[PDB]
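K.L.:
experimental structure and sequence below.
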Amino acid sequence: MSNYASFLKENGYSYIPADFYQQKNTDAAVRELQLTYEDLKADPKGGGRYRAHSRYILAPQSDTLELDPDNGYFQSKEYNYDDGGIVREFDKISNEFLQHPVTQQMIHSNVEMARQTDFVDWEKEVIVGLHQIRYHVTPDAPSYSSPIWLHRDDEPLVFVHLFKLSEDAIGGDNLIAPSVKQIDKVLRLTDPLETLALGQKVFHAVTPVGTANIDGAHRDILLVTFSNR
Amino acid sequence: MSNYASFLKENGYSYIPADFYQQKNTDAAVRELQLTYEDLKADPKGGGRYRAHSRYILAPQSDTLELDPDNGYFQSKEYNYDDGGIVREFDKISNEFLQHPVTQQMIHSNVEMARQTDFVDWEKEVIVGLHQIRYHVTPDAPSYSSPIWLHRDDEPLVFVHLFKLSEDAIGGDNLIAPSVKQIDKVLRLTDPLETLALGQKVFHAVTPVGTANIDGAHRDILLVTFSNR
Amino acid sequence: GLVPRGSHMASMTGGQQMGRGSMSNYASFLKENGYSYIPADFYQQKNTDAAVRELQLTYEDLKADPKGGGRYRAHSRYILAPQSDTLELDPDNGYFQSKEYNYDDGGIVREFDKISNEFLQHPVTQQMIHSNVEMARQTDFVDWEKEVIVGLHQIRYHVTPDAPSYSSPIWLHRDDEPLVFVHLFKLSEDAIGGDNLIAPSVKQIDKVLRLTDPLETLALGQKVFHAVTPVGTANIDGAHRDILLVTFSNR
Amino acid sequence: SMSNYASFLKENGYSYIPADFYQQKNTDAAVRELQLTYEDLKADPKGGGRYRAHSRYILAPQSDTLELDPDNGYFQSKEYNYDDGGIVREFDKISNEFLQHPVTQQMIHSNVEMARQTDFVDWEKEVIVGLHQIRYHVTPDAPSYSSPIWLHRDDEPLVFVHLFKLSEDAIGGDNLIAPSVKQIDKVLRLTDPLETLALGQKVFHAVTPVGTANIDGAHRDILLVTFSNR
Ligand SMILES: CC[C@H](C)[C@H](N)C(=O)O
Ligand SMILES: CC[C@H](C)[C@H](N)C(=O)O
Ligand SMILES: CC[C@H](C)[C@H](N)C(=O)O
Ligand SMILES: CC[C@H](C)[C@H](N)C(=O)O
Ligand SMILES: CC[C@H](C)[C@H](N)C(=O)O
Ligand SMILES: CC[C@H](C)[C@H](N)C(=O)O
Ligand SMILES: CC[C@H](C)[C@H](N)C(=O)O
Ligand SMILES: CC[C@H](C)[C@H](N)C(=O)O
């Protein structure tokens, strides 16, 4: 674990294999979560995205995640250049998803890694934000991130957990870049729970998702953000 | 009066000159209120702000403002993206301030304007919230709003009464905007009781206050909010 | 079906009658007998299990009842103005019962958490409240000329082999609130107790009856005594009985 | 000695104060003027045979100027007053004759001083000195009782109960002090004008319902002086 957190601290990003999360979980348990993605509602701003958001609060010397009843999501336009600057109302992440043992195990593993970093002030309240996202595609309409290309997120540390990737889906390559003129890493998450942690040090992106097949394809992910108040 | 309420209804905001409030009030009476600003305590969340809050309740077919003994102030993260989502404890607005004839005259003029709008449901309880705010600035630390930039407030109608603006103060320009990519109105309150009404239709902000003179400066305002339960 | 609608016997295996019952049937039974069993049919008719399961999970977040008993809860109340259908959520949350009714924790005001808006605003919850409201209106159990308080108690009885859970108050009682609806939301298969009792006196028991399937309901008027037998469990991982009370009373 | 009563109050959460301490200088004729104002009081909306007025003063942090609040709404949370709490009650205002009368003013300042020798309110902040002129009015068919009816605590951390009159054929109006709702430590009945009882939130208190033998009616007239923050 500290290996990945060290790599993250120096490079500003870290690939984390599914091993590290799946070690303790059957595929059937992970598949239950995968199915929740079918119920997600459309992202207002579009892009073929289907979302939920829920955040927990971590009081300074506490391990009790306290679920925030408010759901509005905001990023400044200084980071998210597409949909930033305004508050977005998404649905809440189903309790099935939130409370599922896998989800909870992933959150605490992320929390521990996050604690081995100075990426947030642990003296103050920490917001553990979760984004359940499906990029949904059909040959006529592809899907892409908000924002679309290389960016940084407001949240100093973001974990990208893959949950599913349809075998006839293209794109969804993650990019790591030190500037907007050059790309250091291309890397594509394909198997469930393959993860990528991202610090503000670098730029990151996700290549737009598309599909050959007319019946559609999808890329399902879970973001786990860490930030202060 | 209906002039300003009409302008407000169409444009989503309205400049109201001091005349409309100082109508028969001497400057000495307005100056008494100005001095109360020196006693305000620091806003917990900072930004060089010094505050009090008090709210009144208006029962449906009543003109009796009934002072609420509870003082906690909340805005959803859906509107106030900085300090929203949590309840803030401020001091209460001094009785001197609340009961002063000027203050009371301003509240009732606001109430009347507000009643000529559909911005709140007058069938239900209406919360008339008051925020006495000093933006205080010193060469090391300027002052700014919560939230910092363009936003909407939970409260459908907000009146911004200026009480003082130090001759060596910069910023405190109010901005009116249809989106976060464009600004339609810039407008700066400078003379006591110059007012600006704000509906949820538009985005508004206040440009950070700072100072030309090394001795520092301040911008003192009274907000009068209108909202339902 | 030879058994009546509100009849506790409807909750007996091979004693059910078919189809949804009309509301007024149960309200009539309630008016005469002072209680009424209402099958999940009457509420679940229009609700998927997935929708009901969302609500079930909210029970995991409930905080401990100060007075204990393995209970975890929230409380929120709405107000119904005399000629209104607008439920207006009360910002005050203190819960009180006189010791003349609740002999354990009565006589003092209890501060609970508020019922999450997820729970309150959920379509199922709202549908149940309005069905209860309608039934309640067909009774003289409250004065509809005056303000009516529609109180909601989200309660989990949580149990482990070492520590069982029980009601406040513990045994047969009446509640201050003239009409109380008991909606079951979940009952873990290895939970014991949670039998509801109906009694005309404290020396005799007329009905024993156990809610097990989600949204199985029991309405209770002040006419009778009622109880809930303590919940316990065989299994060391715990069990639970999750309910929603919907009270009706005047100001 | 004043500090004696304030010390007793601080430790026990309540204190009996004899009429001596207030009547010391004031003639009975002066006290009787105030007593008569009770005949004009209007019915408490919520009932219970009560007849009321309310007025409150504000005490700025470093000030001895009581500033009369022109607003009159009275509120207690349901967390304390389990009967009529949770809503704002509109009562009449206490007549200026009553408020400004030297007796009344002397009582308020003596209460203020006692109150200041306690931590029962934050004197750094504004203090609300609330006054309730109350008549419990009774006839054999309809008795009178407090809001709330039985043992309770009030929102206001310190409450002074001054008796002004008690008709000789009036029963009840015993004040109770209790550590819980299962037990009663003190029973105590105010009968002579200006006999007082101070009450802190530490304990539970009640007033046993007032009733009467006589068909022409009887009454118990009191003045409450509350202290609380804002
Ligand atoms: C943490 C990533 C966030 C959610 C992303 N930039 C978005 O707003 O869609
Ligand atoms: C802004 C982060 C994005 C959404 C994430 N890295 C993804 O692969 O979809
Ligand atoms: C109604 C305006 C409020 C007070 C402002 N957005 C703040 O939170 O400071
Ligand atoms: C959010 C409203 C702000 C506080 C107000 N318009 C001002 O000028 O400061
Ligand atoms: C109306 C039932 C109430 C809520 C029950 N006596 C309790 O205190 O839990
Ligand atoms: C006091 C009523 C109780 C709480 C309810 N009948 C139950 O089944 O638990
Ligand atoms: C301070 C006591 C108050 C006045 C009392 N509980 C009432 O509501 O009447
Ligand atoms: C709640 C305070 C009551 C009314 C007062 N102590 C009395 O004896 O009358």
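P.N.:
That came in fine, so what should we check first? Numbering: from 1, shown residues only, chains lettered A, B, ... in the order given. Ligands and ions are numbered 1, 2, ... in the order given.
K.L.:
switch to C-alpha atoms for all contacts and neighbour counts from now on
P.N.:
OK.
K.L.:
for chain D, what is the nearest residue in chain A?
P.N.:
residue A:69 (24.1 Å; CA to the nearest CA).
K.L.:
that's a helix at that residue, yeah?
P.N.:
No. Assigned with DSSP: H, G, I helix; E, B strand; the rest coil, residue A:69 falls outside any helix and is coil.
K.L.:
count the residues that sit near it.
P.N.:
15 (other CA atoms under 10 Å in any protein chain shown).
K.L.:
who are the contact partners of it?
P.N.:
Residues in contact with residue A:69, defined by CA atoms under 8 Å, 6 or more residues apart in numbering or on different chains, are C:116-117.
K.L.:
if I look at whichever residue of chain A sits closest to chain C, how far off is residue A:52?
P.N.:
Chain A approaches chain C most closely through residue A:95 (6.0 Å), counting by CA to the nearest CA. Distance, residue A:95 to residue A:52, by CA to CA, to the nearest Å: 11 Å.
K.L.:
next one: residue A:222
P.N.:
Taking CA to CA, one finds residue A:222 at 10 Å from residue A:52.
K.L.:
neighbours around the residue nearest to residue A:122 when sequence neighbours are not counted, how many?
P.N.:
Nearest non-adjacent residue to residue A:122, counting by CA to CA, 6 or more residues apart in numbering or on different chains: residue A:60, 6.0 Å away. Neighbourhood size, residue A:60 [other CA under 10 Å]: 12.
K.L.:
I figured residue A:60 hits residue A:125, correct?
P.N.:
Yes. Under the criterion of CA atoms under 8 Å, residue A:60 makes contact with residue A:125 at 5.4 Å.
K.L.:
got a list of what the closest residue to residue A:185 other than its chain neighbours touches?
P.N.:
Spatial nearest neighbour of residue A:185, chain neighbours left out: residue A:176 (4.9 Å); criterion: CA to CA, 6+ apart. Shown in contact with residue A:176 (CA under 8 Å, 6+ apart): A:13, A:183-186, A:202-205.
K.L.:
which among those end up buried?
P.N.:
A:13, A:202-205 (16 or more other CA atoms under 10 Å in any protein chain shown).
K.L.:
for these, name the two members farthest from one another.
P.N.:
A:13 and A:205 (12.1 Å; CA to CA).
K.L.:
list the buried residues of the helix or strand harbouring residue A:30.
P.N.:
Secondary structure assignment for residue A:30, by DSSP states H and E: helix A:27-36. Neighbour-count burial for helix A:27-36, with 16+ other CA under 10 Å as criterion, is recorded at A:30, A:33-34.
K.L.:
got those residues as CSV, with distance to ligand 2 columns?
P.N.:
CSV is the format used below for those (distance: CA to the nearest ligand atom, whole Å):
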residue, distance to ligand 2
A:30, 19
A:33, 17
A:34, 16
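K.L.:
ok, those residues vs ligand 4, which is closest?
P.N.:
residue A:33 (41.0 Å; CA to the nearest ligand atom).
K.L.:
sorry, back to before: next structured bit after the helix holding residue A:30?
P.N.:
According to DSSP H and E, the helix or strand after helix A:27-36 is strand A:41-42.
K.L.:
not counting its own residues, what contacts the helix or strand that that following strand is followed by?
P.N.:
Once strand A:41-42 ends, the next helix or strand along the chain (criterion: DSSP H and E) is strand A:49-58. Strand A:49-58 is contacted from outside by A:40-43, A:64-68, A:71, A:73, A:90-94, A:125-136, A:143-145, using CA under 8 Å, 6+ apart.
K.L.:
do that again at 7 Å, thanks
P.N.:
A:40-43, A:64-68, A:71, A:90-93, A:125-136, A:143 (CA atoms under 7 Å, 6 or more residues apart in numbering or on different chains).
K.L.:
what lines up beside it in the sheet?
P.N.:
Strand pairing for strand A:49-58, determined by DSSP bridges: strand A:41-42 (antiparallel), strand A:65-67 (antiparallel), strand A:126-137 (antiparallel).
K.L.:
which of these is buried the deepest?
P.N.:
Most buried of the strands paired with strand A:49-58 by mean neighbour count (mean count of other CA atoms under 10 Å in any protein chain shown) is strand A:126-137; its value is a mean of 24.
K.L.:
buried residues, the lengthiest helix in chain A. List them.
P.N.:
Counting residues, the longest helix in chain A under DSSP state H turns out to be helix A:101-115. For helix A:101-115, burial by neighbour count (16+ other CA under 10 Å) applies to A:102-103, A:105-107, A:110-111, A:113-114.
K.L.:
and that helix, how far out from the chain's middle?
P.N.:
Computed by CA atoms, centre = their mean, to the nearest Å, the separation of helix A:101-115 from the middle of its chain amounts to 13 Å.
K.L.:
that helix and chain C in contact?
P.N.:
No. Counting by CA under 7 Å from any CA of the partner chain, chain C is not contacted by helix A:101-115; separation bottoms out at 13.2 Å.
K.L.:
how about residues contacting that helix?
P.N.:
Contacts of helix A:101-115 (CA under 7 Å, 6+ apart): A:1-2, A:5, A:21, A:25, A:30, A:97.
K.L.:
mind giving me the ChimeraX command for buried ones among those residues?
P.N.:
A single ChimeraX command selects the buried members of these (16+ other CA under 10 Å):
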select /A:5,21,30,97
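K.L.:
and the furthest pair within the contacts of helix A:101-115?
P.N.:
For those, and using CA to CA, no pair is farther apart than A:2 and A:97, which are 27.1 Å apart.
K.L.:
how close does the residue of chain A found nearest ligand 8 get to residue A:42?
P.N.:
With CA to the nearest ligand atom, the shortest gap between chain A and ligand 8 falls at residue A:69, namely 37.5 Å. Going from residue A:69 to residue A:42 by CA to CA gives 21 Å.
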